[PDB]
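In terms of the deposited numbering, the sequence shown is residues 1 to 433, 451 to 486, 493 to 1166, 1169 to 1228, 1234 to 1269, 1277 to 1294. Notes to accompany the following structure.
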Amino acid sequence: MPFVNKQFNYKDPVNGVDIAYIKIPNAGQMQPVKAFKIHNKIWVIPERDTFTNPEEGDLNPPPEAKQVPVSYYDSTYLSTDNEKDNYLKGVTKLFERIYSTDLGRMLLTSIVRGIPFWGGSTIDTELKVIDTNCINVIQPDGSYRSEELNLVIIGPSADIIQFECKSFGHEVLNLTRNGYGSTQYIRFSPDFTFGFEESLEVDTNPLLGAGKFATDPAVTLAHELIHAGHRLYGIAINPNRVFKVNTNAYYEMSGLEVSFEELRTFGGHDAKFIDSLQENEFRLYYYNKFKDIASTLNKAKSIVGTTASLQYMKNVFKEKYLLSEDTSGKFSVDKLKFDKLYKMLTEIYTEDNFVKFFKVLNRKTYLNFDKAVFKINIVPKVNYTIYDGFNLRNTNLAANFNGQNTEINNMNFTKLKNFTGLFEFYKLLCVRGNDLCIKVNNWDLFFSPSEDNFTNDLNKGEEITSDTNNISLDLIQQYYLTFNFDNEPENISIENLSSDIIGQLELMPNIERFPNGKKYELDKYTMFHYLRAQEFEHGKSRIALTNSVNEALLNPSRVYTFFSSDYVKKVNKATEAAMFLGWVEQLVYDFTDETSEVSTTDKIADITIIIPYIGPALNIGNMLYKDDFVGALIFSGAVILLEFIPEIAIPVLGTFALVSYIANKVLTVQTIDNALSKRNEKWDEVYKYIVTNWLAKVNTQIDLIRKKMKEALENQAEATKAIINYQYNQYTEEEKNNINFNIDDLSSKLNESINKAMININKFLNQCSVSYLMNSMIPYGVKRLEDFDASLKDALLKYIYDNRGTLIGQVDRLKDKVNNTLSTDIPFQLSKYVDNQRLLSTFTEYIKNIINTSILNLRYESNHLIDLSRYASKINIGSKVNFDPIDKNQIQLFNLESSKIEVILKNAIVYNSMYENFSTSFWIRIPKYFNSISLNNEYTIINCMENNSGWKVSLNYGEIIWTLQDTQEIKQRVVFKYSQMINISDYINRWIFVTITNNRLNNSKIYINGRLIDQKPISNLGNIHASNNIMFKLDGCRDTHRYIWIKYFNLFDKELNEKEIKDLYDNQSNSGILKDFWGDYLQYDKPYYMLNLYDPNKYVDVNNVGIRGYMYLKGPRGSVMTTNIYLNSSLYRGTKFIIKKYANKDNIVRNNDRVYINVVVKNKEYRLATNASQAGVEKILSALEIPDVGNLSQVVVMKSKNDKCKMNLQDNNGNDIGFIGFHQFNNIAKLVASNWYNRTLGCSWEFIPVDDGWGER
């Protein structure tokens, strides 16, 4: 679109309308300079910054450098006609490019409409234009004319890449802050650009380049134009309002002059650093300023120095500030229109939205600091395009943003020297030992916000009355459709000003330069030391990779490597000339496998993938080991990754005060409705504050971790490439002619391997960030929210009880609403707080699982019993508690005073009404009741009540109980029925899945093996204390040989429906592993008896040893019975089965695991197979002798699908022989292998091991 009408040449003659010599305001002197008018209210001066500041007319480097990240100074720049024409053409092309996009179109239209206020008159009834907001052009016939404008594009200052915005103010009035606005001057250069590293856009565009990525100049120009949009409208935040950051720590930065204006113009995650209190304060402040502008407009009635009328300027300022006019003509600022305008200018007119519309690559956060400046020539169409930019279409450079890479598009970018050396503004770090000091660049350090920037109004008592109360691309499109474009201000003639307009630049607050070179003494090799050990210089000596950070930092040639020692040894070895190439693909493949290595244990649901090499790369957790890193991560979580621990201090939420009302049912129910609604907004506000703190601290630390991982991978790749090049260049010339070796292909394959590893790292770090957010921040806020909800519930119950006179009939319905709504929490939805798609996907993956969304998960990890849900810190296990060596998750409790675990949920997490909506579940094994003492001996195994209020899990003879108790001593129970007087042990000494759901409002339920069985109402119960401790002890058990086998203890917060209980039952049932009769894991090389389902009373025996005798079933099995104690059927005695491995998962069998079946007869082990007949529909199996089985095939597959342990038997040729059916025959005593059952049936068997819980000899 034609943003610039005429194409301008610097050699063109002056006209006095579009091209002329102009005199901008200044103090000392003003020699006229040529200017270029490209559109309304915008002017271009292709001259270096020397005349807008009389004190800063110098272009040489200053004696003292600046606190900016990158700067390069040139004296004879923009001094020649051709170079100035280059500058002008670049600016014109950049304006056209920005105007092409819709957001750019909106921004530029707003810039044109934003005429600064005419409030420089002492007289209140006179709109006098401020002289410093207008310039003096010069006609070709000597006369000079004063003209109004908004923005001027000036060249850069002594520092070329200090792109800044400057303005001329008034003596006492703050033009850019009181909403008046002022003329802005932009110091810019479309031929210089920065370079930023990338570590996040690897999932969408895997096949991207390496090295540095060049910033699109249109992005920086849009940044400056957004600054102009802020300042012309006067909503510019005070420069002294700096986002204060701590400095005293070594890992922090010595200082950043970061302002809320930078955050406002950046957008995205940086804009979320401003807490709701401060942004609401700014909105109210600038709303009052807009009201003041409206009041000034109302009482003006006059303008001096314009041939036009008053209403023209009135309308211009109205269209600017979006004021509302009434019939009388008075102006008022509507809150909705002003909120729309402020939203558009604050969180919509952001650089990130432009980048999303430019479809280019930028720096994700403001904390991403540049390192190099690049010379670019934007004039020719082949180097830059209006529609597409550096990424030229229909060629190589379009895909994967190659047009902005500094190694593939080197014909468009030229590197320039950096005056700001990387070790000039540094924050020195020393590790005491031979002190090891590295001058870490100040712009390569952690971002630590201060606590003062985060202020909350939560600790306040709102008075509840009867009349109280995201921006994706879609909302940007919505405002684009509603935006107004065809209305732009004209250029009216103001009366001639002075010949030289006196003016002075607005005095920015004197920035106290932070003290350079601040030494720190440490005792730990931080991340910076490791990354410094991982780099080198392009010399010519032996670049030998070493696994020691200490030795790497003491030698420039040696480079630290965190990869496996085998790869290090391979890359270091001397290579024969012929074997050069083979070693090249060997190292390429080994490097790719090392980088893409996602491995280690998966005994955690919070984080799906754990990447171990981050351990010895960035020294996360102050350890450099794979196993140590994974173990400490499981033990702690994302806490170890963060270096400084965020400290969120939620205040005690002010109790709502209920206004009393009389003789008004409608008002008194609207009061309760408004209390519930404002409770909803309070939940929203606390969640938002938590999210803001998280994004400020944890996310920034994690992002620095991502960038450092990218740098570590790059350094390893470059070290490998350099040693490969050294080996190539070390050979003889003839051999070099033989070997057509290339370095571009090696670089490309290594870079793609790095990209894949980066995808892995990004997923891992997103998982860790969401882990910390949901584990260590949300519960803290939810505690205060729920305590406030309980206090509010009590107060509302008092209110409704008091006002029952006018609410007869509707008491219970309001009681129902108050009870139901308050006992049910409000779920956490990240889509309402963070719009990052990657973090959102990680959050969705986190919340789709139930194990991680709990409050207590007793799991055994790395020789320690921990809670995967970080809701407790002190789990005090007793000395007389045992874990199964095969499965350490198994935990067994005895009848000892020290067979206990003290689960202490810290008082900073637990709220009072935690056990109102309470759900618990645990797998349990209750052994057979042996002695008569168990009769009427109700023993409690799980205790939560300390004295009188809580829960208490008790068990009776064949009866599982769930006992509750309130303060007033009322007790309600729920019962499961299973009879010990049954022949088969369906539940005795078996594995029982017991789930209890407690809805205090309606009912309490108990679920056994995922089935509803019984429920007794508990709505009559009183208050329940949320005790600090959970007691795991069989207190009240008189039997001295009674124990339980508990595992998988989970506490939830909601009422878990049938579907979720079934899903958790299936998940913890471990369907991928065979189970014995008791439900434990099935093993190898161990005795195991045999049981049958379709014929449960068959006693398996043998008739003869060898092929001459087949397996037998010797009638009844016998029964076990003790009077008035128990009645079952004896399970032991008979033949014995042993599982022998054929084709690791040691001592554990999984689905489709081929094994050898071993049958023990008379202290001798025999094989179970038969390949002698191959007739009928079955094979009469026999106890085969000696490993000379030979042609007979005993391979057995356990098809442990959804369930009954199937026993599929195949041949040595791979074809299936059949299942073990019963007999298909007359005399019922055999064991066969029949294919009929392959196509409840008889193909069902169980294995009984010697269990001490049975007690049968």
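The C-beta atom is built at its ideal place from N, Cα and C for all residues, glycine as well.
Residues that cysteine 165 bridges to, as DSSP identifies them: Looking at the DSSP output, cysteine 165 bridges to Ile186.
Let's test the definition: count the other Cβ atoms within 10 Å of the Cβ of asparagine 353 and tell me whether it reaches 16, buried, or not, exposed. buried
Please tell me whether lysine 759 has its Cβ less than 8 Å away from any Cβ of chain C. Absence of chain C from the displayed structure is noted, only one protein chain being present.
Quickly, what does DSSP pair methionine 1144 with across the bridge? List them, please. Looking at the DSSP output, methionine 1144 sits in a beta bridge with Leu1150.
So, for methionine 1113: in the same chain, excluding its five sequence neighbours on each side, which residues have a beta-carbon less than 6 Å away from its beta-carbon? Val1123 and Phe1160
Alpha carbon of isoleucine 663 to alpha carbon of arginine 1061, nearest angstrom: 46 Å
May I ask you to list the residues that DSSP assigns as paired with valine 1017? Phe945 and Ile1031
Taking the straight line between their C-alpha atoms, what separation do you get for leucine 284 and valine 714? 23 Å
Tell me which residue opens and which closes the alpha helix (DSSP H) that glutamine 750 is part of. Looking at the DSSP string, the run of the alpha helix (DSSP H) that includes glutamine 750 is 688-752.
Between the alpha carbons of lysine 733 and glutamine 278, how many angstroms are there, rounded? Cα to Cα, the separation comes out at about 35 Å.
Less than 7 Å between C-beta atoms, sequence neighbours within five positions excluded: which residues of the same chain meet that for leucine 361? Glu198, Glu201, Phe213, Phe401 and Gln404
Figure out for me which residue from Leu1136, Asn979 and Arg1269 has the closest Cα to the Cα of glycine 1248. For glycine 1248, the nearest C-alpha among the options comes from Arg1269.
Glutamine 557 classed as buried or exposed, judged by whether at least 16 other C-beta atoms fall within 10 angstroms: buried
Based on the DSSP secondary-structure assignment, which residues constitute the bridge partners of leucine 916? Residue pairing by DSSP places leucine 916 opposite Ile1067 in a beta bridge.
In the DSSP assignment, find the unbroken alpha helix (DSSP H) run with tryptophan 606 in it and report its ends. 603-618
Which runs of the beta strand (DSSP E) at least 3 residues long sit entirely within the stretch 775-832? Give them in chain order. none
Taking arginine 807 as the reference, give the member of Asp1288, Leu676 and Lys1189 with the closest Cα. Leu676
Drop a sphere of 10 angstroms on the beta-carbon of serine 254, count the other beta-carbons inside from all chains shown, and report buried for 16 or more, exposed for fewer. buried
Between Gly804, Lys1164 and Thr943, which has its C-alpha nearest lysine 1070's C-alpha? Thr943
Do you know whose CA, among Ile130, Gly114, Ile115 and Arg113, lies nearest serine 121's CA? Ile130
CB contact flag (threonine 485, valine 682, <8 Å): no
If distances are taken between C-alpha atoms only, which option among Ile455, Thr844 and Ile138 comes closest to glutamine 31? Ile138
Contact between the stretch 560-572 and the stretch 583-597: three or more CB pairs below 8 Å? yes
Of the residues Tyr1155, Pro217 and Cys165, which one's Cα is nearest the Cα of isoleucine 1007? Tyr1155
If you count every other CB in all the chains shown that lies within 10 Å of the CB of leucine 891, and 16 or more means buried, which is it? buried
Going by CA-CA distance only, name the one from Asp474, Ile1011 and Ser1142 that's closest to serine 1153. Of the listed residues, the one whose Cα sits closest to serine 1153 is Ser1142.
DSSP three-state assignment for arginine 1294, whether helix, strand or coil: coil
Please confirm whether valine 245 and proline 466 have their CB atoms less than 8 Å apart. yes
List the DSSP bridge partners of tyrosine 1181. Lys1163 and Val1220
Is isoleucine 499 helix, strand or coil by DSSP? helix
Within a Cβ cutoff of 6 Å, which residues of the same chain sit near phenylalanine 357, ignoring the five residues on either side of it in sequence? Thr101 and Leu103
Tell me, to the nearest whole angstrom, how far the beta carbon of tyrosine 1149 is from that of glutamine 1003; I am working on the premise that it is less than 8 Å. 5 Å
Mark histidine 1064 as exposed unless 16 or more other C-beta atoms lie within 10 angstroms of its C-beta, in which case mark it buried. exposed
Among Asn1188, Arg1175, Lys1163 and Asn1172, the one whose alpha carbon lies nearest that of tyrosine 1181: Distance from the Cα of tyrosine 1181 is smallest, within the candidate group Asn1188, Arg1175, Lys1163 and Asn1172, for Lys1163.
Determine whether the beta carbon atoms of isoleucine 135 and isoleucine 24 lie at a separation below 8 Å. Taking C-beta atoms as the reference points, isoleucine 135 and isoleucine 24 count as a pair closer than 8 Å.
DSSP has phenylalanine 1072 in a bridge; who is on the other side? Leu881
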